[PDB]
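J.: Pasting an experimental structure with its sequence.
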Amino acid sequence: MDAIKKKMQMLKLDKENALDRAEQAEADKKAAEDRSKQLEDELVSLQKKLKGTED
Amino acid sequence: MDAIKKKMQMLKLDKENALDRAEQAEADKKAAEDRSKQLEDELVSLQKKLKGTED
Amino acid sequence: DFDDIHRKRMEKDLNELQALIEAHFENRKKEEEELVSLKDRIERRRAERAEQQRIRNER
């Protein structure tokens, strides 16, 4: 009819916005966790270098 | 009718799924970010003690 | 944000659209009421034509 189509369009705009936000948040999580794990690896290498210096 | 109900329910389900997924991702992002901050703070002190050891 | 104004815009869009939806609902509803009254007076016309035709045929 008439109002039904507009209501469906609203329900679809919500769909697109929610899905896009979810995808963007997932990408953010991937990037942040990669950052953290690379920092942890750098910390490990520093520990090993400290061990060599102690030797 | 029949089509309106199923389509509307499926679209609302899609919106809710995307929202909850985004919230989970953002929570993990915040936790990883704070842990990364902890890693930075500990790494600086590790560098300082390494520098003293080298001196 | 841009998402906020976009949300308010699609919101008022939904509001005006459902408003016009209920509006044409009411309009076509009045038209259906008028058409029902038309059918009723039509059946009145059928009955009156039937009785007068039958009287003519009786005579």
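T.: It's in. Numbers count the residues shown, from 1 in each chain, chains lettered A, B, ... in the order given.
J.: By proximity to chain A, which residue of chain C wins?
T.: Closest approach between chain C and chain A, counting by Cβ to the nearest Cβ: residue C:21, at 2.1 Å. Backbone N, C-alpha and C define where each C-beta goes, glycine included.
J.: now that residue, nearest residue through space, not along the chain?
T.: residue A:3 (2.1 Å; Cβ to Cβ, 6 or more residues apart in numbering or on different chains).
J.: was I right about that neighbour contacting residue C:20?
T.: Yes: using Cβ atoms under 8 Å, residue A:3 is in contact with residue C:20, at 6.8 Å.
J.: Show me which of those two is the more surrounded one.
T.: residue A:3 (18 against 14; other Cβ atoms under 10 Å in any protein chain shown).
J.: Now do the contacts for that one.
T.: Shown in contact with residue A:3 (Cβ atoms under 8 Å, 6 or more residues apart in numbering or on different chains): C:17-22, C:25.
J.: go with 6 Å
T.: Listed by Cβ atoms under 6 Å, 6 or more residues apart in numbering or on different chains, the contact set of residue A:3 reads C:17-18, C:21.
J.: Residue A:22 too?
T.: Counting by Cβ under 6 Å, 6+ apart, residue A:22 has contacts B:18, B:21-22.
J.: let's see it at 8 Å
T.: Residue A:22 touches B:17-19, B:21-22, B:25, counting by Cβ under 8 Å, 6+ apart.
J.: and it, what helix or strand is that in?
T.: Using DSSP states H and E, the element containing residue A:22 is helix A:3-54.
J.: now do residue C:52
T.: Element membership for residue C:52 (DSSP H and E) is helix C:2-58.
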